[PDB]
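J.: Sharing an experimental structure here, sequence included.
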Amino acid sequence: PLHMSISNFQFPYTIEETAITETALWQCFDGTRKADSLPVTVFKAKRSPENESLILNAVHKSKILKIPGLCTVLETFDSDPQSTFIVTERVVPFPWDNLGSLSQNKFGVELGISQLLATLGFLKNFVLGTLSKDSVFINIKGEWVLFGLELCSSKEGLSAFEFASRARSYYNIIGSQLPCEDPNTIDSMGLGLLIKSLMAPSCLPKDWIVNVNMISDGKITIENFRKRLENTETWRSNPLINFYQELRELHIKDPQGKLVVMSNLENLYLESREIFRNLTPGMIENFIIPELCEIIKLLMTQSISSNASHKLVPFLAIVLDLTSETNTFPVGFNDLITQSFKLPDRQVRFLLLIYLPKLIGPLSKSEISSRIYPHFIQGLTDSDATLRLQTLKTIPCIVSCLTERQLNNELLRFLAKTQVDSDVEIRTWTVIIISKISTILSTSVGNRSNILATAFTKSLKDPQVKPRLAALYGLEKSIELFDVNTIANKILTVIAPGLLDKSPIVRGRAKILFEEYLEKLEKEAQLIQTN
């Protein structure tokens, strides 16, 4: 082509190189708005002499139609064929290749159908004419939106005859069956086909069978079909249909009102976890989670007011669960998790300790070390022995985040204290944790040895039997960290006292341990020969 492209000259969007979906009339590309970096979707017309009228009507209707439920159009271009675009909010074409999965959550499929129906209600003065699998997209909030305005026109002053030719040429181009020539029944008939494609005859509600057949044969209007379905037991049973209505209205409610919506979300999560699985991506990740997160931050500010602080644990449990499950994390999640670590609530902190290994990533090592650890670690000095124990048992999972000061200076000062803790369980585990982390300190083998010998000597003087047994255990596992020189210089006399312990079980284990260290020493001595 001679002529310079509109897309390559002063174009407000960047366009990725390979379309994600292609159709006979359009290529669909991800893009980003330049000035903004706002993610967008760019529909590029396969403009030609034969489809040119279809393409131009689509552009025009995109520009003029303000219908909630259509892809929300940002800008159009039609000067240059081969630069003929409709640019919309970022949408995702419906994953038909995954319908098998999504079909598993019937409430999901029914919820999307309900979104398509509200849109066809706004469109009722218009004919759409193009309803098909290719019509269907998902926005970022997981809601089902409509594309394809090629045939779209107003019903007022509309020649059936005129529309039928367009409709014929359109269906001929797409290599598809024209459902009918009647503008008054084409949408009802196209809606039936789509619903049947969404829901196989063994997954279609019994109480929807007749209604769907009616529209499938163009006997009734979409709006009529809508009132029937709204009346059925299926519709009224669908907990996602109701919850979605609450969600959509979230920002017109007062703060107690919003809190009820989240309370409703929580009860559904407790009583029917499954209803939030196998949904179209977006609703959980980009609608539900960020709204909960917002409500959680409010409550956490309320917490320091010393209103609804008992919802802190349950709501945060949902967020930590669903963010992890979807591997998505909203802007400021990092700040949310920080704030929650500063909360002095014990039940919160138990919850966070459970998710900490999974929070490394979403949150960077520098953020963990910098903003999380200093609160995390005070857990060791809390009055509840169970919070101290759990903090203790969690140390190994975050230790690879820590600065050199944190790890090599401060960590062991904490552990030296928990080794004399009033709780026997904490004493027992402290020696295990110290053995565990001994080899990730940045010190010399010599000092690692001094650290171990000292910690094991302490535990083997313990009044209770359990921490003595834990010393012998860590000594068995540590044998590979002591060369024969250190064994001979030092470790033999760390072990040997346990040989004389009052507890028969310690004496028995210490003897077996001792022999194994003796054997190691004996073997190396025998191999020397330089006289």
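T.: Nice, thanks for sending it over. Residues are numbered from 1 along each chain as shown.
J.: What about residue 337, how many residues nearby?
T.: By the criterion of other C-beta atoms under 10 Å, residue 337 has 24 neighbours. Every residue, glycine included, has its C-beta placed from N, CA and C.
J.: can you list the residues that contact the helix or strand where it lies?
T.: Element membership of residue 337, judged by DSSP states H and E, is helix 333-342. For helix 333-342, contacts defined as C-beta atoms under 8 Å, 6 or more residues apart in numbering pick out 293, 296-297, 300, 316, 319, 323, 348-349, 352, 359, 362-363, 367, 371-372, 375-376.
J.: Go again with 10 Å.
T.: 289-290, 292-294, 296-297, 300-301, 303-304, 312, 316, 319-320, 323, 329-330, 332, 348-349, 351-352, 355-356, 359, 362-364, 367-368, 370-376, 378-379 (C-beta atoms under 10 Å, 6 or more residues apart in numbering).
J.: Can I get the buried part of these as one ChimeraX selection?
T.: Buried subset of those, written as a ChimeraX selection, criterion 16 or more other C-beta atoms under 10 Å:
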select :289,290,292,293,294,296,300,303,312,316,319,320,323,329,330,348,349,351,352,355,356,359,362,363,367,368,371,372,373,375,376,379
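J.: Just the ones of the contacts of helix 333-342 in strands?
T.: In strands, defined here by DSSP state E, there are no members of the contacts of helix 333-342.
J.: Among the contacts of helix 333-342, which lie within helices?
T.: The helices, defined by DSSP state H, take in 289-290, 292-294, 296-297, 300-301, 303, 312, 316, 319-320, 323, 348-349, 351-352, 355-356, 359, 367, 373-376, 378 from these.
J.: Can you give me the separation between the residue nearest the centre of the chain and residue 428?
T.: Note on the chain: the residue nearest the mean C-alpha position is residue 326, at 2.6 Å, using C-alpha atoms, centre = their mean. Between residue 326 and residue 428 the computed distance is 38 Å (C-beta to C-beta, to the nearest Å).
J.: same deal with residue 325?
T.: 34 Å.
J.: what about those two, which has more around it?
T.: residue 428 (23 against 12).
J.: Check whether the more buried one really touches residue 434, as I assumed.
T.: No. At 11.6 Å, residue 428 does not count as touching residue 434 under the criterion of C-beta atoms under 10 Å.
J.: what sits in contact with each of the two?
T.: Counting by C-beta under 10 Å, 6+ apart, the residues touching both residue 428 and residue 434 are 419, 459.
J.: May I see the buried residues of the strand or helix carrying residue 163?
T.: Counting by DSSP H and E, the element that carries residue 163 is helix 160-174. Residues 163-164, 166-167, 169-171, 173-174 are the ones in helix 160-174 that count as buried (16+ other C-beta under 10 Å).
J.: With distance to residue 198 added, can I get the residues you listed in TSV?
T.: TSV is the format used below for the buried residues of helix 160-174 (distance: C-beta to C-beta, whole Å):
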residue	distance to residue 198
163	26
164	27
166	26
167	23
169	27
170	22
171	21
173	24
174	19
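J.: Which of those residues lies at the shortest distance from residue 404?
T.: Checking the buried residues of helix 160-174 against residue 404 by C-beta to C-beta gives residue 174 as the nearest, at 65.1 Å.
J.: Am I right that that closest one is in contact with residue 131?
T.: No. Between residue 174 and residue 131 there is no contact under C-beta under 10 Å: 12.0 Å.
J.: shared neighbours of the two, anything?
T.: residue 148.
J.: mind checking the end-to-end distance for stretch 413-424?
T.: 19 Å (C-alpha to C-alpha, to the nearest Å).
J.: And that stretch, what's buried?
T.: Buried-residue list, stretch 413-424, by 16+ other C-beta under 10 Å: 414-415, 418-419, 421.
J.: In strands, which of the residues you listed fall?
T.: Using DSSP E, none of the buried residues of stretch 413-424 sit in strands.
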